[PDB]
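Some notes on the structure that comes next.
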Amino acid sequence: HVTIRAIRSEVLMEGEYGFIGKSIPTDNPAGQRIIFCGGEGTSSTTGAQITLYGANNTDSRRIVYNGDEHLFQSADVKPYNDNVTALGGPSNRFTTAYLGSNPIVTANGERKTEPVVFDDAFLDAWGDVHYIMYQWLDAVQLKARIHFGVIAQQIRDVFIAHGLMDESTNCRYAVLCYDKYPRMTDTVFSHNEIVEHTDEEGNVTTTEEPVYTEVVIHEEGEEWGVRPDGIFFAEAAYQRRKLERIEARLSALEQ
Amino acid sequence: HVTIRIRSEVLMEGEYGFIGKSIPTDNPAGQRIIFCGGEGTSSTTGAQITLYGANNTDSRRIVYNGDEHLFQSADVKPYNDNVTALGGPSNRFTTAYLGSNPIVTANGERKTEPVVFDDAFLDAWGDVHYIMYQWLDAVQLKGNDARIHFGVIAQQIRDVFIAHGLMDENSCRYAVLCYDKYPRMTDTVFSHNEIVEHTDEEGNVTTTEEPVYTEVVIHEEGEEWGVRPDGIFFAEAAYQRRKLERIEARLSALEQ
Amino acid sequence: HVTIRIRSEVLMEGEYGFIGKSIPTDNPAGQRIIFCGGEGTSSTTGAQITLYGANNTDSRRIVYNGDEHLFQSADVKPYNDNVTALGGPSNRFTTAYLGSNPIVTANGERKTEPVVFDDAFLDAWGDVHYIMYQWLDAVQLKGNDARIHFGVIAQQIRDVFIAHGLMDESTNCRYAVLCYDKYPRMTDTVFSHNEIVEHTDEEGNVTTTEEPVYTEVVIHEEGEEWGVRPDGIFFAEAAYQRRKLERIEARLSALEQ
Ligand SMILES: [Br-]
Ligand SMILES: [Br-]
Ligand SMILES: [Br-]
Ligand SMILES: [Br-]
Ligand SMILES: [Ca+2]
Ligand SMILES: [Cl-]
């Protein structure tokens, strides 16, 4: 219930550091949060918004960055810690990454077991993997690009046929990755209602209060995925053997 | 303005707090709030996050401006599934540093029936050249010693498809080769302070320093051809598999 | 120090609003503002974003602390083109979850006229080994039941380049497929606890109140990493195996007749 007046309004915080927080709400602690907004209103149609969720909130310690552009200037977009958190998720995939150069994969000092050749039994299986062209039903419905890849289930049906994986829950090989995700809810702005106020004398006045609703973003679910790079490492090992053996049958027969 | 007085604090009560920006009277195209770890409107002063209004020229933009962007305690995720991307045609990330290889999933979205690689597309993929290259500018500095990169030139894969009638001079049936046109990127940025002078009915002339913001071009309109290395390697795996099978064939027909 | 009083509202007028942090009189090195969705200076209290001042030990750092980071209504983008990165040598993302495969583009940047993979290089590439492994970490927690990954060891590929004269036994490498990085240590100023602070009257009376104590921590010490570009590896492997297939076919076409 305050407005900072000015060309520009300024709030300057003194001390060693400044703190702008949200007290534990008296009557609905589950919605505890601050909404920072570039616009006039509590609705995000009003301007860009960043929302910090209190620990007492349904979606606890959540942050939602809401804008039509998220531009990170002057520095890499990094994880705080090394190799603990990820980009995206099973039910939060980015459509793609646009890169100036090919991804770098590294262990950063972390050490592996002793490197091991692709056992022949595994190669026999890998031969049954199919490299296919496909389309999305959704896309074709609107017209539509063809994509190249390998159906996760296709690799899975093969992993089973060759006894490598029990009919997942878990999987021995990271190239085929199964995940199981909860449902994602969020409390978001709906509209502002009119609320009537009448005194004991009986006169009626109105004010505008915003209405927030809990909304489902996506439901519970599971998913199978693959690691293309892993697939290509295995294909490499695969074909190299097919080349080793073919050059033996070329020699014994040349002479 | 207000100033808040070894640590200053602002506690917001109620169910939630709201800190927002009214609609400017005279320049609603500039509607925004600048949050700064420092005392100056200039980002040389401290890390900044700027929320743009809907009225702003750059509607609902967010600019995070710091010398480190460290996201702690949680994955960096898109709000929705398979609707937003990392980077852009003219907003490329140099790379991603990963502890493991990317996971690609369809999360249950439906695909058409998995189809083999036709022999026509395979004949053509045989013309796709794998190559080494260096960046001219690096070559300006280190010449022969400039770092060497691997890949395939987007345009020459385009040429191969066009030659093999799997594409026309337009601008593609395949996801492996992806073209994009992109708008110019502008922003409003702090440049310098400007001394403004204020003179009253009496001759008196006072002085002050107001900050000037200006509209800067970050990049002009352009277009770009690109490729998905993973898509390239899927076509290759197909290609190379057809060849070895013929190799297997030949061989068999030497023991008979 | 103020409190704003179902919802509290601060509203900034003028063209734009500025909310900043003055230069600290005593400890300018801690200059920063902490935004919190919760009641306390501790992050356990709620999601926080900390903006570091230029004067701060960690100059112009931003720290986003939450249990979810959800980016809505727009791609997560770098401000400029091809100058900043996702993750780092000592700040790696475990993975990226995508719906389609990454797009690599040069956006019009000039290249040296592309060259074939030379025979000398292909020769060496043959010694590169494709292997399997587990993380010494995973095993200490899942034993022989830990996930098995595919890839190559950056060191054995280096040995291959070294043994073939393509690379001096020289941290700076000639090919981008093999990445070496040297990195600084990472500290951060972080809330640890509350302390007992004694207050002595001018009459000698000692009262007491608690205040939050921030402390400097070491997130990780300096170090270095060798890494590889899997894509780069496959580009070379596609050139290698193509030359081999070619030599095999010629031996076939010669065997016949
Ligand atoms: Br509103
Ligand atoms: Br599509
Ligand atoms: Br593709
Ligand atoms: Br490379
Ligand atoms: Ca793998
Ligand atoms: Cl300034």
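For the structure tokens, the naming scheme is as follows: chains receive sequential letters (A, B, ...) according to their order of presentation, residues are indexed from 1 within each chain, and ligands are indexed from 1 in presentation order.
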
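Taking only C-alpha atoms and all ligand atoms into account, every polymer residue with at least one atom at most 10 Å away from ligand 2 is listed here: residues 134, 135, 136, 137, 138, 139, 140, 142, 143, 144, 145, 146 and 147 of chain A; 173, 174 and 175 of chain B; 100 of chain C.
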
Next, write the just-selected residues to a file, as a tab-separated table (two decimals), in the first residue's frame, keeping C-alpha atoms as the atom set.
chain	number	residue	atom	x	y	z
A	134	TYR	CA	9.54	-40.59	-38.91
A	135	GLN	CA	7.13	-37.72	-38.36
A	136	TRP	CA	4.92	-36.44	-35.56
A	137	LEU	CA	1.22	-37.15	-36.01
A	138	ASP	CA	0.61	-33.63	-34.69
A	139	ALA	CA	2.83	-32.07	-37.35
A	140	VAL	CA	1.36	-34.06	-40.24
A	142	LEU	CA	-1.20	-29.48	-39.76
A	143	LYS	CA	0.42	-30.39	-43.10
A	144	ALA	CA	5.74	-31.51	-42.03
A	145	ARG	CA	9.37	-32.34	-41.32
A	146	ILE	CA	10.86	-35.83	-41.27
A	147	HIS	CA	13.18	-36.64	-38.36
B	173	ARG	CA	11.61	-31.86	-45.70
B	174	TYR	CA	14.23	-33.03	-43.22
B	175	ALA	CA	14.95	-31.92	-39.64
C	100	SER	CA	14.65	-32.85	-30.53

Taking only C-alpha atoms and all ligand atoms into account, report as a PyMOL selection string which residues have an atom no farther than 8 Å from an atom of ligand 1.
-> chain A and resi 40-46+191-192+210

For N, CA, C and O atoms, I'd like the residues from the last selection saved as a compact mmCIF listing (two decimals), in the first residue's frame.
# COMPACT_ATOMS: atom_id res chain seq x y z
N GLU A 40 2.07 -2.83 -14.36
CA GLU A 40 1.21 -2.22 -13.35
C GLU A 40 0.45 -3.23 -12.50
O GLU A 40 0.08 -2.95 -11.37
N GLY A 41 0.20 -4.41 -13.06
CA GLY A 41 -0.75 -5.33 -12.47
C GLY A 41 -0.22 -6.68 -12.03
O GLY A 41 0.86 -7.11 -12.42
N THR A 42 -1.02 -7.35 -11.21
CA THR A 42 -0.68 -8.67 -10.68
C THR A 42 -0.73 -9.74 -11.78
O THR A 42 -0.17 -10.83 -11.62
N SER A 43 -1.39 -9.43 -12.89
CA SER A 43 -1.44 -10.32 -14.03
C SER A 43 -0.18 -10.17 -14.89
O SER A 43 0.31 -9.07 -15.09
N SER A 44 0.32 -11.29 -15.40
CA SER A 44 1.56 -11.28 -16.17
C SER A 44 1.37 -10.72 -17.58
O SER A 44 2.34 -10.42 -18.27
N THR A 45 0.12 -10.58 -18.00
CA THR A 45 -0.17 -9.92 -19.27
C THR A 45 0.24 -8.46 -19.16
O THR A 45 0.30 -7.74 -20.16
N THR A 46 0.54 -8.05 -17.94
CA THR A 46 0.81 -6.66 -17.61
C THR A 46 2.28 -6.30 -17.78
O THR A 46 2.62 -5.14 -18.05
N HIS A 191 -8.31 -13.89 -12.88
CA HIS A 191 -9.05 -12.68 -13.21
C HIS A 191 -9.25 -11.92 -11.92
O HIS A 191 -9.09 -12.49 -10.84
N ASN A 192 -9.60 -10.64 -12.00
CA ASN A 192 -10.00 -9.92 -10.80
C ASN A 192 -11.51 -9.76 -10.67
O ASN A 192 -12.18 -9.21 -11.55
N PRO A 210 -7.84 -9.57 -7.02
CA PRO A 210 -7.42 -10.59 -8.00
C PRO A 210 -7.74 -11.99 -7.52
O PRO A 210 -7.71 -12.25 -6.31

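Neighbours of ligand 6 at a cut-off of 9 Å, computed so that only C-alpha atoms and all ligand atoms are counted, are the residues residues 39, 40, 41, 42, 43, 44, 45, 190, 192, 193 and 211 of chain B.
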
Kindly export the residues of the current selection with N, CA, C and O atoms, as a compact mmCIF listing (two decimals), in the first residue's frame.
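Done, and the output landed in result31.txt:
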# COMPACT_ATOMS: atom_id res chain seq x y z
N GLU B 39 24.49 0.52 -6.44
CA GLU B 39 23.80 1.78 -6.19
C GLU B 39 23.46 2.62 -7.42
O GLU B 39 22.81 3.65 -7.30
N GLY B 40 23.88 2.17 -8.60
CA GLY B 40 23.68 2.95 -9.80
C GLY B 40 22.83 2.29 -10.87
O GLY B 40 22.83 1.07 -11.01
N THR B 41 22.12 3.10 -11.65
CA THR B 41 21.27 2.60 -12.71
C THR B 41 22.11 1.88 -13.77
O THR B 41 21.60 1.09 -14.57
N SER B 42 23.41 2.17 -13.78
CA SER B 42 24.34 1.52 -14.69
C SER B 42 24.76 0.16 -14.16
O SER B 42 25.04 0.01 -12.97
N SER B 43 24.82 -0.83 -15.04
CA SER B 43 25.14 -2.20 -14.65
C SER B 43 26.62 -2.40 -14.33
O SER B 43 27.02 -3.48 -13.91
N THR B 44 27.43 -1.36 -14.53
CA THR B 44 28.82 -1.41 -14.09
C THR B 44 28.86 -1.31 -12.57
O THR B 44 29.90 -1.46 -11.94
N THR B 45 27.69 -1.07 -11.99
CA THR B 45 27.55 -0.82 -10.57
C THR B 45 27.23 -2.09 -9.77
O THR B 45 27.63 -2.24 -8.61
N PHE B 190 21.65 1.87 -20.88
CA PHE B 190 22.30 3.03 -20.28
C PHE B 190 23.59 3.34 -21.03
O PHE B 190 24.39 2.44 -21.30
N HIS B 192 25.27 7.06 -20.75
CA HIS B 192 25.99 8.04 -19.96
C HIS B 192 25.05 8.91 -19.14
O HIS B 192 23.83 8.87 -19.32
N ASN B 193 25.63 9.70 -18.25
CA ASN B 193 24.87 10.71 -17.52
C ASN B 193 24.90 12.03 -18.27
O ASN B 193 25.90 12.38 -18.91
N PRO B 211 20.41 10.46 -15.92
CA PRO B 211 20.91 9.41 -16.80
C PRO B 211 20.17 9.35 -18.13
O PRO B 211 18.95 9.50 -18.17

Nearest to residue 87 in chain C among A:61, A:227, A:78, A:33, with distances taken over only C-alpha atoms: which residue is it?
->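 Among the listed residues, the smallest separation from residue 87 in chain C belongs to A:78.
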
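Minimum atom-to-atom distances from B:121, B:97, B:233, B:150 to ligand 3 were compared using only C-alpha atoms and all ligand atoms, and the lowest value belongs to B:233.
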
Identify, on the basis of only C-alpha atoms, every residue whose closest approach to range 143-150 of chain C does not exceed 9 Å; exclude the query and any residue fewer than 4 positions from it along the same chain; express the result as a list in words.
-> residues 118, 171, 172, 173, 174, 175, 229, 230, 231, 232, 233 and 234 of chain A; 100 of chain B; 130, 131, 132, 133, 134, 135, 138 and 139 of chain C

Find the residues around range 92-95 of chain C up to 9 Å (only C-alpha atoms counted), leave out those fewer than 4 positions away in its own chain, and share them as a VMD selection string.
-> (chain A and resid 78 to 88 105 to 108) or (chain B and resid 75 96 to 103) or (chain C and resid 86 to 88)

Closest pair table for chain A residues within 12 Å of ligand 4, only C-alpha atoms and all ligand atoms, as CSV:
residue,atom,partner,partner_atom_place_in_ligand_line,distance
A:100,CA,ligand 4,1 (Br),11.4
A:101,CA,ligand 4,1 (Br),7.9
A:102,CA,ligand 4,1 (Br),6.7
A:103,CA,ligand 4,1 (Br),9.2
A:104,CA,ligand 4,1 (Br),9.3
A:105,CA,ligand 4,1 (Br),11.8

Environment of ligand 3 within 7 Å, counting only C-alpha atoms and all ligand atoms, reported as a ChimeraX atom specification = /A:147-149 /B:174-176,228,230-231 /C:101

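We find CA of residue 48 in chain B and CA of residue 30 in chain C to be spaced 16.0 Å apart.
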
For range 123-131 of chain B, please output as a PyMOL selection string all residues within 10 Å (counting only C-alpha atoms; exclusion window: fewer than 2 positions along the same chain).
-> (chain B and resi 118-121+133+149-154+156-166+232+235-236+238-240) or (chain C and resi 113-118+235-240+242)

Mind giving me the straight-line distance from CA of residue 182 in chain C to CA of residue 223 in chain C in Å, one decimal?
-> 6.1 Å

Nearest residue to chain B from the set A:213, A:198, A:239, A:207 (distances using only C-alpha atoms) = A:239

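The nearest approach to chain C among the residues A:57, A:153, A:96, A:26, with only C-alpha atoms taken into account, belongs to A:96.
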
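Using only C-alpha atoms and all ligand atoms, the shortest contact distance between ligand 5 and any of A:177, A:184, A:208, A:121 is found at A:177.
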